[PDB]
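Q: Protein chains in written order, with our numbering: chain A, 1470 to 1682; chain B, 360 to 587; chain C, 845 to 1057; chain D, 845 to 1057.
For each residue, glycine too, the CB sits at the ideal point set by N, CA and C.
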Amino acid sequence: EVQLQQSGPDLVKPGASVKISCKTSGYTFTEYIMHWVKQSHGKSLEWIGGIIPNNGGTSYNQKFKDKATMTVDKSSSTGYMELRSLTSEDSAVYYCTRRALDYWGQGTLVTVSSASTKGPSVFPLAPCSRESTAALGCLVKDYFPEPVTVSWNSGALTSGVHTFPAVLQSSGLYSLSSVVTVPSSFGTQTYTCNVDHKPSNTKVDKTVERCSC
Amino acid sequence: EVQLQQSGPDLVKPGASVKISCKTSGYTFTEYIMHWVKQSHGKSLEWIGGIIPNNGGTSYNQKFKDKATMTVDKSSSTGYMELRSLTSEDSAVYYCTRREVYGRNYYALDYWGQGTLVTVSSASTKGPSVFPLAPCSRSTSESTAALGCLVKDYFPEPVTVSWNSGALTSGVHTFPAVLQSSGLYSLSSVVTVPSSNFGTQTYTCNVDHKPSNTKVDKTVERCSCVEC
Amino acid sequence: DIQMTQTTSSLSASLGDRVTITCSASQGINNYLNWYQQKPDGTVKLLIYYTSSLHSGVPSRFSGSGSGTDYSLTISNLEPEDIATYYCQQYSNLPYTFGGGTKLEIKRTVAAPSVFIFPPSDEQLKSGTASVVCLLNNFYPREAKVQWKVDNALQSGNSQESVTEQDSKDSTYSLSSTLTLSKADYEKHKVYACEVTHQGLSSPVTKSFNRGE
Amino acid sequence: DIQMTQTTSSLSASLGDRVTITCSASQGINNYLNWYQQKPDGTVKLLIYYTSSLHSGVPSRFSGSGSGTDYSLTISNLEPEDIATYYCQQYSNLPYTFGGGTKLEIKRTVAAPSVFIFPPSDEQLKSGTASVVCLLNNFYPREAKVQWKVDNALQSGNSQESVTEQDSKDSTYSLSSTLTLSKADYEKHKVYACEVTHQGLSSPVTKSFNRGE
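1) Going straight from the alpha carbon of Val479 of chain B to that of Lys993 of chain D, what length do you get?
2) In angstroms with no decimal places, state the Cα-to-Cα distance between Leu1023 of chain C and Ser399 of chain B.
3) Quick check on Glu967 of chain C: does DSSP put it in helix, strand or coil?
4) Kindly indicate the opening and closing residues of the beta strand (DSSP E) around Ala1561 of chain A.
5) Give the DSSP bridge partners of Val1007 of chain C, in chain order.
6) Using alpha carbons as the reference points, say which of B:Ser376, B:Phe490 and B:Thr484 lies closest to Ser971 of chain D.
7) Compare the C-beta of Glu1558 of chain A against all C-beta atoms of chain B and say whether one is closer than 9 Å.
8) To the nearest angstrom, how far is the alpha carbon of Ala493 of chain B from that of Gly507 of chain B?
9) Would you give the residue range spanned by the beta strand (DSSP E) that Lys889 of chain C belongs to?
10) Examine chain A for any beta-carbon lying closer than 9 Å to the beta-carbon of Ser1052 of chain D, and answer yes or no.
11) Please report the straight-line C-alpha distance between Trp522 of chain B and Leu1473 of chain A, rounded to a whole angstrom.
12) Tell me the DSSP secondary structure of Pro1668 of chain A in three-state form.
13) Measuring alpha carbon to alpha carbon, tell me which of B:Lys433, B:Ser436, B:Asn414 and B:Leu442 ends up nearest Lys426 of chain B.
14) Please report how far the alpha carbon of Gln933 of chain D lies from the alpha carbon of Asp885 of chain D, in whole angstroms.
15) Using CA coordinates, which residue listed in A:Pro1668, A:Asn1670, A:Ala1561 and A:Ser1669 is at the minimum distance from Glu1515 of chain A?
16) With 9 Å as the threshold, decide whether the Cβ of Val977 of chain C is near any Cβ in chain A.
17) Could you tell me which of B:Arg457, B:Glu448, B:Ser444 and B:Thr559 sits nearest to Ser384 of chain B, measuring between CA atoms?
18) Which residues in chain B sit within 7 Å of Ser965 of chain C, going by Cβ to Cβ distance?
19) If you draw a straight line from the C-alpha of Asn878 of chain D to the C-alpha of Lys1034 of chain D, how long is it?
20) From the DSSP secondary-structure annotation, give me the bridge partner or partners of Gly558 of chain B.
21) Under a Cβ-count criterion, where at least 16 other Cβ atoms within 10 Å of its own Cβ denotes burial, should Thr503 of chain B be classed as buried or exposed?
22) According to DSSP, is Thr1497 of chain A part of a helix, a strand, or is it coil?
23) Taking the alpha-carbon of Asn414 of chain B as reference, which of B:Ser498, B:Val566, B:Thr430 and B:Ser555 has the nearest alpha-carbon?
24) Ignore the nearest five residues each way along the sequence and tell me which others in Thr851 of chain D's own chain have a CB closer than 8 Å to its CB.
25) Hey, out of D:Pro985, D:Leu891 and D:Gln1043, whose CA is closest to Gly901 of chain D's CA?
26) If we define contact as Cβ-Cβ less than 9 Å, is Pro1668 of chain A a contact residue for chain B?
27) Would you tell me roughly how many angstroms separate the C-alpha atoms of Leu1019 of chain C and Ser1012 of chain C, rounded to the nearest one?
28) So, for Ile411 of chain B: in the same chain, excluding its five sequence neighbours on each side, which residues have a beta-carbon less than 8 Å away from its beta-carbon?
29) Please list the terminal residues of the continuous alpha helix (DSSP H) segment that includes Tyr465 of chain B.
30) Does the beta carbon of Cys587 of chain B come closer than 9 Å to any beta carbon on chain A?
31) To the nearest angstrom, report how far apart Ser1590 of chain A and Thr1650 of chain A are at their CA atoms.
32) Across the segment 964-983 of chain C and the segment 1037-1045 of chain C, are there enough close Cβ pairs to call them in contact, namely three or more that are closer than 8 Å?
33) Mind listing the chain D neighbours of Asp576 of chain B? Cutoff is C-beta to C-beta under 9 Å, in chain order.
34) Apart from the five residues on each side of it in sequence, which residues of its chain come closer than 7 Å, Cβ to Cβ, to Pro924 of chain D?
35) For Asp1029 of chain D, does the three-state DSSP call read helix, strand or coil?
36) Going along chain B in order, which residues have a C-beta closer than 9 Å to the C-beta of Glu1031 of chain C?
Structure (structure tokens):
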């Protein structure tokens, strides 16, 4: 299967540079042109440019000519894009693609900010009193930057799970809730949320205890 | 104030050696003799020996002559004792003490260190797990509510437990550890309060296990709300 | 650059309905037009190339037509997994440009939210802040009103909402609302209530708890 | 070596009473005898030196007398903070030797225990073990019986007790009893009860919970 594996999310400072990688497999790297696309949050797609892996020839959207530099490593079937002179306007998801653009990478989230990394606090969401379903969750509060991942019981519990999109608080830190609804009668079942914030190297397991009196 | 500050608790393997220190202050180190004492768990005090810091002369209880070696460092006002060829019978608290002289030849141990716990074992260090003991109000006519922390499966002794970083002491009972059949220790620390609910006060136990460098803060949820 | 327009940005239709998405160019692009599907996941796939040709794995219920400046994507009978944003892209001239996208959601029958309220944990509370969370689970349509009351006093400007993307199976939404208070303010008051207005509810539902006392 | 004996190992007396602790030597020690106090916390202090002389800070209600082989430490009126173990020590001959010690506790009025039962946390339970804790708070005298019942079946050999030292203020004891079970065994049964017998209770008190609810 054709596959484009992009590097993970990155927080970088304004004025600095960042380099995104795109590791290909399943086809002959040198036989297909590679294109990069930008998508700002809640916005449309923008073509950045394309690179011919065999020689290294590039064409750029004029809007990105002083912004992006595309390179390849033929030995590892990997394309790179470097973004320089970063501003908050460069905060976006960036996709590598193969040329129509028939196959796409999963995207890399770049956050441009001078603010420091901060790991989340994880608090239980437990009801006060002891219907066919009860609800509990974890509040994942005061982290930066995106993203966090939340699983339940190490991934064994997926049914009834809603992990909400993070919202930026007025403090400039993110917060989200992850909730589970489960059979109201639960007696033999424990409920542990597993929170991972890679930017801060934070991993938190929080067992949610019932208020059963 | 006279003070003898002893080194922290130590886990050491059988056949090995251990060196305990006793850092003095408040008096002139070289002007007072220092004695060491052993106390096995649940047992009486035993005199090991004494050392004259100024020259380094020693006298030993014959029972410890192949066991203990006493030294001093005058530059740091510190006395040391080294125990060799360790066995489980050397597991004990060891005290350094200051000897005072009164008349011609009246002697007593007028000030004591806080003691150093030596555990001799081949078993590895293990930090505790801390679980909540959650308050259930069983009746409406309860004059006291109770909660706590269970500090389970650690080795060796000791652990220290405080509540709300030491600000809560009234009503606290931290029980003696018990050795489980697994060879690991467990204890509970509980708080009781006059049942005025709990007020606006929250309850966090602070557990410190120095041997494993473990510090755990565990908030015990009160669950002092109701929907109805 | 060639401006690509998708006049309809947002679109909802019933399961089984026939849907048509529009794409217009500021000049003639001579059938050099592709269509892409982007899931809520953020993953992108090619649907159609050169106006009407289907990409591998694309079911035949997808089709495309057009010429000159005006093009159409048709979904003949709408399945639940067709929830996505659809983008057109011209390659007549560099730079490649994309339309603004059309987001597609499903019309289902009205479904009332299950409502749950969660008090703040003591673990959070001791650090000086209280988060109170109201959850609305699996409802339709998205439009919903959440009002916070504290001793029956309507709160304002101290809450934030987050809404899930439409579920791929049951086509419902879920919503969280977080009320944030200082420890001090929290400890002044007794009764905490979120009131929910929604079309599936005959009248507003209130969930509440009393902070001890 | 000179054997030092304290014929009475354990002693209880009322607040305000006069207490005398005995120390005998296997030969004459010519008044070369000291007394030490060890608190429950393990801290040691000198009380008396050379039979009768008081150490700094020792209140005058402490006194010491004797000669030859037999010596006495007297506390004229017993305060609550005199709870401790008292040791004699000869320095007539090397090696210095100590008596076996005399533990002093207070007689107060009978006080019934407050009893509490605690189920295992889910946090513990998910790891495969269940600890059930029964607490007896602030009672006198020390003698107390705890029996565990599981679906009204008396448990044996699967619990451990711990008892505090006598409180320095109210002169009471507290006791914890921990019943330990596998997760599987725990989840077989429903009703968990600790039954408490004590002199201050007119009849045995049972505290219980049912698992699940």
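A: Looking at the atomic coordinates:
1) By one-based count along the second sequence, residue 479 of chain B stands at place 120. By one-based count along the fourth sequence, residue 993 of chain D stands at place 149. Across the structure, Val479 of chain B and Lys993 of chain D are spaced so that their CA atoms are roughly 38 Å apart.
2) Taking the first residue of the third sequence as 1, we reach residue 1023 of chain C at position 179. Taking the first residue of the second sequence as 1, we reach residue 399 of chain B at position 40. Between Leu1023 of chain C and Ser399 of chain B, the C-alpha separation is close to 57 Å.
3) The residue you call residue 967 of chain C lines up with position 123 of the third sequence. DSSP places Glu967 of chain C in helix when its eight states are reduced to three.
4) Position 92 of the first sequence holds residue 1561 of chain A. Residues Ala1561 to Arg1567.
5) As a working mapping, residue 1007 of chain C is identified with position 163 in the third sequence. C:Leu1019, per the DSSP bridge assignment.
6) One-based indexing of the fourth sequence puts residue 971 of chain D at position 127. That would be B:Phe490, whose Cα lies nearest to the Cα of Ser971 of chain D.
7) For the purposes of this step, residue 1558 of chain A is taken as residue 89 along the first sequence, with counting starting at 1. Under the Cβ criterion of 9 Å, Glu1558 of chain A is not counted among the residues facing chain B.
8) Residue 493 of chain B sits at position 134 when you count from the first residue of the second sequence. Residue 507 of chain B sits at position 148 when you count from the first residue of the second sequence. The alpha-carbon of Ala493 of chain B is positioned some 7 Å away from that of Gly507 of chain B.
9) Position 45 of the third sequence, counted from the start, is the residue given in the question as residue 889 of chain C. Following the DSSP letters along the chain, one finds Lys889 of chain C inside the beta strand (DSSP E) bounded by residues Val888 to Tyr893.
10) Within the fourth sequence, the letter at position 208 stands for residue 1052 of chain D. Cβ-Cβ to chain A under 9 Å: no for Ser1052 of chain D.
11) As a position in the second sequence, residue 522 of chain B is number 163, starting the count at 1. As a position in the first sequence, residue 1473 of chain A is number 4, starting the count at 1. Roughly 53 Å between the two C-alpha positions.
12) In the first sequence, counting from the first residue as 1, residue 1668 of chain A sits at position 199. Note: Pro1668 of chain A maps to helix in three-state DSSP.
13) On the second sequence, residue 426 of chain B is found 67 positions in, with the first residue counted as 1. Comparing Cα-Cα distances from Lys426 of chain B to each of B:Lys433, B:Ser436, B:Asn414 and B:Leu442, the minimum goes to B:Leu442.
14) For the purposes of this step, residue 933 of chain D is taken as the residue at position 89 of the fourth sequence. For the purposes of this step, residue 885 of chain D is taken as the residue at position 41 of the fourth sequence. The straight-line gap from Cα to Cα measures roughly 21 Å.
15) The residue given as residue 1515 of chain A occupies position 46 in the first sequence. Relative to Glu1515 of chain A, the option among A:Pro1668, A:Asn1670, A:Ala1561 and A:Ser1669 whose CA is nearest is A:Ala1561.
16) By one-based count along the third sequence, residue 977 of chain C stands at place 133. Interface annotation, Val977 of chain C: in contact with chain A, CB-CB separation under 9 Å.
17) For the purposes of this step, residue 384 of chain B is taken as the residue at position 25 of the second sequence. B:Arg457 is the residue among B:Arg457, B:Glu448, B:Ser444 and B:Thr559 whose C-alpha sits nearest the C-alpha of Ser384 of chain B.
18) The residue you call residue 965 of chain C lines up with position 121 of the third sequence. Those within 7 Å of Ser965 of chain C in chain B are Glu580.
19) On the fourth sequence, position 34 is the one that residue 878 of chain D refers to. On the fourth sequence, position 190 is the one that residue 1034 of chain D refers to. Approximately 59 Å, taken between the alpha carbons.
20) Residue numbering aside, residue 558 of chain B sits at position 199 when the second sequence is read from its first letter. Under DSSP, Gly558 of chain B forms no beta bridge with any residue.
21) Position 144 of the second sequence, counted from the first residue, corresponds to residue 503 of chain B. Burial call: exposed.
22) Reading the first sequence from its first residue, position 28 is the one you call residue 1497 of chain A. If DSSP states are grouped into helix, strand and coil, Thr1497 of chain A belongs with coil.
23) Taking the first residue of the second sequence as 1, we reach residue 414 of chain B at position 55. Among B:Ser498, B:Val566, B:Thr430 and B:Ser555, the Cα nearest to that of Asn414 of chain B belongs to B:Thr430.
24) Translated into the one-based positions of the fourth sequence, residue 851 of chain D becomes position 7. By the criterion of a C-beta distance shorter than 8 Å, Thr851 of chain D is surrounded in its chain by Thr866 and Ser868, once the five residues flanking it on both sides are discounted.
25) For the purposes of this step, residue 901 of chain D is identified with residue 57 of the fourth sequence, where counting begins at 1. Relative to the Cα of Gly901 of chain D, the nearest Cα in the group D:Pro985, D:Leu891 and D:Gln1043 belongs to D:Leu891.
26) Residue mapping note: residue 1668 of chain A aligns to position 199 of the first sequence, counting from 1. Answer no: the Cβ-Cβ gap between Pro1668 of chain A and chain B never drops below 9 Å.
27) Here residue 1019 of chain C refers to the residue found at position 175 when the third sequence is read from its first residue. Here residue 1012 of chain C refers to the residue found at position 168 when the third sequence is read from its first residue. The alpha-carbon atoms of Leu1019 of chain C and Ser1012 of chain C are separated by roughly 16 Å.
28) Residue 411 of chain B sits at position 52 when you count from the first residue of the second sequence. Closer than 8 Å at the Cβ level, and outside the excluded window around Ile411 of chain B, lie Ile392 and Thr417.
29) For this step, residue 465 of chain B is matched to residue 106 along the second sequence. Segment: none, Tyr465 of chain B is in no alpha helix (DSSP H) and carries neither H nor E.
30) Your numbering for residue 587 of chain B matches position 228 in the second sequence. Taking a beta-carbon distance threshold of 9 Å, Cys587 of chain B counts as an interface residue toward chain A.
31) Translated into positions along the first sequence, residue 1590 of chain A becomes position 121. Translated into positions along the first sequence, residue 1650 of chain A becomes position 181. Their backbone Cα atoms lie some 22 Å apart in a straight line.
32) Flag = yes, the segment 964-983 of chain C and the segment 1037-1045 of chain C touch.
33) Here residue 576 of chain B refers to the residue found at position 217 when the second sequence is read from its first residue. What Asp576 of chain B touches in chain D: nothing, since even the nearest Cβ is about 14 Å away.
34) Start at 1 with the first residue of the fourth sequence, and residue 924 of chain D comes out as number 80. If you ignore the 5 residues before and after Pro924 of chain D, its C-beta comes within less than 7 Å of the C-beta of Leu859, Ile950, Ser1012, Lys1013 and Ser1015, all in its own chain and listed in chain order.
35) Position 185 of the fourth sequence holds residue 1029 of chain D. In the three-state reduction of the DSSP assignment, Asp1029 of chain D falls in the helix class.
36) Position 187 of the third sequence, counted from the first residue, corresponds to residue 1031 of chain C. Those are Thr559, listed as they occur along chain B.
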